[PDB]
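K.L.:
Line by line, the protein sequences give chains G and D. Each residue of the first sequence is one higher than the last, beginning at 766 in the entry's author numbering. Each residue of the second sequence is one higher than the last, beginning at 716 in the entry's author numbering. Beta carbons are placed, not taken as given, at the ideal position from N, Cα and C, and that holds for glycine.
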Amino acid sequence: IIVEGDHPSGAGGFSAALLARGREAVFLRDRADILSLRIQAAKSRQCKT
Amino acid sequence: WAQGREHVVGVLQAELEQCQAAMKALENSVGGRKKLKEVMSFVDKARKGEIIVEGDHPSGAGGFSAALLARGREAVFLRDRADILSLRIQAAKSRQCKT
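(1) For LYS760 of chain D, would you say it is in contact with chain G, using Cβ-to-Cβ distances shorter than 8 Å as the test?
(2) Give me, in chain order, the residues of the same chain whose beta-carbon lies closer than 8 Å to that of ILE804 of chain D; leave out the 5 immediate sequence neighbours on both sides.
(3) Does the Cβ-Cβ distance between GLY787 of chain G and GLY778 of chain D come in under 8 Å?
(4) Please identify the residue among D:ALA761, D:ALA790 and D:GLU789 whose C-alpha is closest to the C-alpha of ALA776 of chain D.
(5) Give the residues from the region 769-781 of chain D that approach chain G closer than 9 Å (Cβ to any Cβ), ordered along the chain.
(6) Out of D:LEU783, D:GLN735 and D:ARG810, point me to the one whose CA is closest to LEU793 of chain D's CA.
(7) Label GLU765 of chain D either buried or exposed according to how many other C-beta atoms from any shown protein chain fall within 10 Å of its C-beta, with 16 as the threshold for buried.
(8) Please classify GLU789 of chain G: is it buried, with 16 or more other beta-carbons within 10 angstroms of its beta-carbon, or exposed?
(9) Kindly say whether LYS750 of chain D, judged by its beta-carbon, lies nearer than 8 Å to any beta-carbon of chain G.
(10) Under 8 Å between the Cβ atoms of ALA781 of chain D and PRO773 of chain D?
(11) Measuring straight from C-alpha to C-alpha, what distance separates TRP716 of chain D and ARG748 of chain D?
(12) According to the neighbour-count rule (16 or more other Cβ atoms, all chains shown, within 10 Å of its Cβ), is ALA807 of chain D buried or exposed?
(13) Counting only C-beta atoms, is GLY787 of chain D closer than 8 Å to chain G at any point?
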């Protein structure tokens, strides 16, 4: 999907602040899953040597 | 006086028709009627004391692109000229202008 900047009040079926908060939430999802996956990687037997 | 009265209704309203067709095709060009209404609202706000932009070439202000700002100013002009033209038309058909 894409959107244009004709009306900065509503975009898609979500409000403008609801949107801002979604972007911060996604970035938090991505860095957290990385961080988990890397901790499990640092505790894995594959890194023992 | 009556002749001129009869000829002004025609002449003036022709200058109106050209005016209103341009405004509505401006709406349908910019997008929604309500969207052009919001850029007209923002240019009216900047024209009053309510907001300042400080810019001669404002690229984005209140969420509008450099091309949208121009369309709004245009839209405002056309509004004012159209209201003036209608009102002088009704004035030219008024009872006060018959005499």
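P.N.:
With the structure as the only source:
(1) no
(2) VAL724, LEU727, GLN728 and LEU731
(3) no
(4) D:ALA761
(5) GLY775, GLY777, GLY778, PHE779 and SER780
(6) D:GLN735
(7) exposed
(8) exposed
(9) yes
(10) yes
(11) 41 Å
(12) buried
(13) no
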